[PDB]
Amino acid sequence: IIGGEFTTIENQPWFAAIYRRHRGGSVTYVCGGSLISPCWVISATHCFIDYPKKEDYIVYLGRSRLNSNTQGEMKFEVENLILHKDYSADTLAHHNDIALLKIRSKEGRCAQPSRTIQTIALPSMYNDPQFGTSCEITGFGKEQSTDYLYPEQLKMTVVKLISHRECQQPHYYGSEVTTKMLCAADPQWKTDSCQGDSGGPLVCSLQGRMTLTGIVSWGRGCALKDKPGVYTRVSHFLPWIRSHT
Ligand SMILES: N=C(N)NC(=O)c1nc(-c2cc3ccccc3o2)c(N)nc1N
């Protein structure tokens, strides 16, 4: 997250932190995700497509820091790793960038909701907020495009939804943005998602409730003029989500 503010998991208690085990024991951060039911985390396919073996991954819930244990956190194995069969990528855009992880602890349990671990509601079908709606994004991604490190503390910021007409303008993204994507950005381009925020939630207030409207997917640079963040449009994937969960 470029800009924004530091936060703790209580503010975004559906946020999942996904890591990968390496040959030799080291563990590195991969991507974010969102808890949509006790046994299911939703994320982005591009986070896993290089290493699509579920045994490589660890999921934490209730975690506020990248490399420190947070009181109350829970740690899971990945029982199923479900990638979207119509995924594709060009030099910039990722299509159908959505993935499901079924989580299971070493003793065979799913998530126990708590003050630091909660599910996020899915949107109603083809129902998004109007353009200009403020939504929240959350993640452990880079604080500056040029940083080599990720922040140790979770961050969140606010971006505003951009109309599809505006985002497909040539000096934005053209046809790289599809109707299964949403764009969102800051009016001054000063705050944004970045590398390492992929897979995490874009949350908006819809019908009086916080709702998972988007999944961080891609963008050209970070917090660059005329280059919004692009998000998988969750309201267009409900049959896929329901069918694989
Ligand atoms: N909201 C945005 N503008 N961008 C992103 O959401 C986003 N940006 C990157 C990214 C930007 C970048 C710049 C220089 C080098 C590597 C970079 O990697 C990434 N790896 N994933 C993402 N989801």
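Indices start at 1 and increase along the chain as displayed.
Backbone N, Cα and C define each Cβ position, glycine as well.
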Feature phosphoserine, as given in Swiss-Prot - residue among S88, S105, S124, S145: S145
Disulphide bridge to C39 as given by Swiss-Prot, partner from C31, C47, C110: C110
Close in space, distant in sequence - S198 (active site, charge relay system), Cβ under 8 Å, 6 or more apart: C31, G32, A44, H46, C47, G141, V216, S217, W218
When distances run from the Cα of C110 (disulfide bond) to each of the recorded positions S145, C167, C204, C222, the nearest one: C204
Assigned conformation of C110 (disulfide bond) - DSSP reduced to three states: coil
Long-range Cβ environment of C204 (disulfide bond), under 8 Å and at least 6 residues apart: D128, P129, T133, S134, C135, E136, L161, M210, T211, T213
Spatial neighbour of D97 (active site, charge relay system) that is closest, considering only the disulfide-bonded residues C167, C183, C222 and their CA atoms: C183
Sequence-ordered recorded positions from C31, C135, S145 with Cβ under 6 Å of an atom of ligand 1: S145
